[PDB]
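**Student:** Sharing upload31.txt (compact mmCIF, C-alpha atoms) below.
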```txt
# COMPACT_ATOMS: atom_id res chain seq x y z
CA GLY A 1 97.74 97.63 98.87
CA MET A 2 100.21 96.76 101.70
CA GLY A 3 98.65 99.77 103.50
CA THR A 4 95.71 100.45 105.81
CA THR A 5 92.54 99.63 103.91
CA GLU A 6 90.92 98.20 107.03
CA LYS A 7 87.27 98.13 105.80
CA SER A 8 85.65 101.30 104.37
CA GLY A 9 82.26 103.13 104.49
CA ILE A 10 80.76 101.59 101.31
CA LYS A 11 76.98 102.31 101.09
CA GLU A 12 76.31 101.42 97.42
CA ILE A 13 77.95 98.64 95.28
CA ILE A 14 77.91 97.61 91.58
CA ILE A 15 77.84 94.02 90.37
CA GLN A 16 79.60 94.31 87.01
CA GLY A 17 78.07 92.23 84.18
CA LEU A 18 81.62 91.20 83.22
CA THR A 19 83.27 88.04 84.63
CA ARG A 20 86.63 87.71 86.46
CA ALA A 21 87.88 86.37 83.07
CA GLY A 22 87.07 89.78 81.51
CA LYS A 23 84.15 88.56 79.36
CA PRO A 24 80.58 89.67 79.61
CA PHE A 25 78.00 87.38 81.18
CA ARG A 26 74.61 86.50 79.58
CA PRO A 27 71.76 87.01 79.22
CA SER A 28 72.19 90.76 78.66
CA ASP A 29 68.85 91.15 80.56
CA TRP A 30 70.45 89.59 83.72
CA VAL A 31 70.45 93.15 85.16
CA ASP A 32 66.69 93.43 84.44
CA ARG A 33 65.99 90.05 86.09
CA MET A 34 67.56 91.10 89.40
CA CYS A 35 65.18 94.11 89.49
CA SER A 36 62.11 91.91 88.75
CA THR A 37 63.25 89.31 91.30
CA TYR A 38 62.75 91.87 94.18
CA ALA A 39 59.82 93.81 92.62
CA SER A 40 56.08 93.79 93.40
CA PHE A 41 52.85 95.09 91.90
CA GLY A 42 52.05 98.54 93.29
CA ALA A 43 48.31 97.80 93.89
CA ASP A 44 47.51 98.82 90.23
CA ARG A 45 48.67 95.73 88.23
CA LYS A 46 51.95 97.20 86.96
CA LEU A 47 55.24 95.77 88.17
CA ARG A 48 57.38 98.23 90.18
CA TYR A 49 61.14 97.64 90.29
CA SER A 50 62.26 98.57 93.83
CA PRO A 51 64.45 101.69 94.30
CA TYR A 52 67.48 99.91 95.86
CA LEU A 53 68.36 98.35 92.50
CA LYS A 54 69.05 100.06 89.16
CA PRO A 55 70.79 99.28 85.85
CA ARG A 56 73.88 101.18 84.74
CA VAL A 57 76.33 101.31 81.89
CA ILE A 58 80.09 101.74 82.74
CA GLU A 59 82.87 101.16 80.12
CA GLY A 60 79.88 100.19 77.88
CA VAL A 61 79.07 97.13 80.13
CA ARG A 62 75.48 97.07 81.59
CA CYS A 63 75.88 96.08 85.31
CA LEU A 64 73.57 96.54 88.32
CA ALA A 65 74.00 99.10 91.10
CA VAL A 66 72.67 98.10 94.57
CA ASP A 67 71.86 100.43 97.50
CA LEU A 68 73.17 99.06 100.82
CA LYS A 69 69.96 100.19 102.61
CA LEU A 70 68.19 97.04 101.30
CA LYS A 71 70.47 95.02 103.72
CA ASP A 72 68.95 96.86 106.71
CA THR A 73 65.35 96.21 105.67
CA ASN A 74 65.74 92.72 103.97
CA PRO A 75 69.27 91.34 104.59
CA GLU A 76 68.28 87.95 103.06
CA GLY A 77 67.43 89.69 99.78
CA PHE A 78 70.72 91.60 99.48
CA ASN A 79 72.60 88.43 100.58
CA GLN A 80 71.13 86.37 97.72
CA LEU A 81 71.85 89.33 95.38
CA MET A 82 75.53 89.35 96.37
CA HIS A 83 75.63 85.53 95.88
CA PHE A 84 74.45 85.94 92.26
CA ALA A 85 77.81 87.66 91.58
CA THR A 86 79.78 84.68 92.97
CA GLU A 87 77.51 82.39 90.89
CA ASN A 88 78.26 83.89 87.45
CA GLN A 89 81.75 85.02 88.61
CA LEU A 90 81.05 88.70 87.96
CA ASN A 91 83.42 91.44 89.02
CA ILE A 92 81.96 92.88 92.26
CA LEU A 93 82.77 96.60 92.29
CA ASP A 94 82.04 99.48 94.68
CA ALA A 95 80.45 102.93 94.16
CA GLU A 96 83.67 104.26 92.53
CA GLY A 97 83.89 100.98 90.56
CA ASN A 98 87.06 99.50 92.15
CA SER A 99 86.97 95.65 92.11
CA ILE A 100 86.26 94.43 95.73
CA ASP A 101 85.03 91.31 97.64
CA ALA A 102 81.64 90.73 99.24
CA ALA A 103 83.25 90.58 102.72
CA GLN A 104 83.91 94.33 102.35
CA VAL A 105 80.09 94.79 102.07
CA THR A 106 77.98 92.40 104.26
CA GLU A 107 80.10 93.32 107.38
CA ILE A 108 79.27 97.09 107.50
```
Let me see the file written as structure tokens.
**Tutor:**
Amino acid sequence: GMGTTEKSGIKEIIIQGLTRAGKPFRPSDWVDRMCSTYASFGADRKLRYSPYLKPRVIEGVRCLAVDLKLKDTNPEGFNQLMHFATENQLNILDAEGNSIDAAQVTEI
């Protein structure tokens, strides 16, 4: 804010389920889809949502937390996950839940 916020040390982010217009995106299971989308069967024919991805609730809105470690191991995956925010125009937040841009993330 007209001060030194030259980058940060963000290591977890939260894609809000609420748009830049302040209204909540649909379907309400969008958060559940992004888990499935990166899941796999764990050799026992049950799906296993990967650890780098979990639902939340904040201010009553659902939203999806994302671990930045996934970018180390599969940067393409996390990239496409970030892009989904820009798609539905969701408020990209950080670990505290301040509204940020994706440039503050995929450059660490």
**Student:** For the atom pair atom CA of residue A:89 and atom CA of residue A:74, what is the interatomic distance in Å to one decimal place?
**Tutor:**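 The value is 23.5 Å.
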**Student:** Please indicate the distance in Å from atom CA of residue A:94 to atom CA of residue A:14, rounded to one decimal place.
**Tutor:** 5.5 Å
**Student:** When you count all atoms listed in the file, which of these residues is closest to residue A:107: A:91, A:40, A:8, A:19?
**Tutor:** A:8
**Student:** So, counting only C-alpha atoms, which residue among A:30, A:6, A:85, A:53 is closest to residue A:70?
**Tutor:**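 The closest residue to residue A:70 is A:53.
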**Student:** Could you pull the residues within 10 Å of residue A:28, counting all atoms listed in the file, minus those fewer than 2 positions along the same chain, as a PyMOL selection string?
**Tutor:** chain A and resi 17+24-26+30-33+61-63
**Student:** Give me, please, the distance in Å between atom CA of residue A:18 and atom CA of residue A:58, quoted to one decimal.
**Tutor:**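 Going from atom CA of residue A:18 over to atom CA of residue A:58, I get 10.7 Å.
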**Student:** Taking 5 positions as the minimum chain separation for residues in the same chain, which residues sit within 9 Å of residue A:68 when counting only C-alpha atoms? Answer as a short mmCIF file (atom, residue, chain, number, x, y, z; two decimals) with C-alpha atoms, keeping the file's coordinate frame.
**Tutor:**
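Output contents, as saved in part-v9.cif:
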```cif
data_model
loop_
_atom_site.label_atom_id
_atom_site.label_comp_id
_atom_site.auth_asym_id
_atom_site.auth_seq_id
_atom_site.Cartn_x
_atom_site.Cartn_y
_atom_site.Cartn_z
CA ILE A 10 80.76 101.59 101.31
CA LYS A 11 76.98 102.31 101.09
CA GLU A 12 76.31 101.42 97.42
CA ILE A 13 77.95 98.64 95.28
CA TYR A 52 67.48 99.91 95.86
CA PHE A 78 70.72 91.60 99.48
CA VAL A 105 80.09 94.79 102.07
CA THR A 106 77.98 92.40 104.26
#
```
**Student:** Taking only C-alpha atoms into account, which of A:100, A:92, A:108, A:39 comes nearest residue A:64?
**Tutor:**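 The answer is A:92, which sits nearest to residue A:64.
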**Student:** Using only C-alpha atoms, which of A:5, A:104, A:16, A:36 sits nearest residue A:84?
**Tutor:** A:16
**Student:** Report, as AutoDock Vina command-line options, the centre and edge lengths in Å (one decimal) of the axis-aligned box enclosing every listed atom of stretch 6-9 of chain A, padded by 4 Å on each side.
**Tutor:**
```
--center_x 86.6 --center_y 100.6 --center_z 105.7 --size_x 16.7 --size_y 13.0 --size_z 10.7
```
**Student:** Rank nothing, just name the residue among A:9, A:2, A:15, A:44 nearest to residue A:86, using all atoms listed in the file.
**Tutor:**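 Among A:9, A:2, A:15, A:44, it is A:15 that comes nearest to residue A:86.
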**Student:** Rank A:35, A:50, A:103, A:27 by their smallest atom-to-atom distance to residue A:83, using only C-alpha atoms, and report the top residue only.
**Tutor:**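 Under the stated criterion, the closest residue is A:103.
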**Student:** For residue A:37, list every protein, DNA or RNA residue within 10 Å, evaluated using all atoms listed in the file, and leave out those in the same chain fewer than 6 positions away; present the list as a PyMOL selection string.
**Tutor:** chain A and resi 49-50+77+81
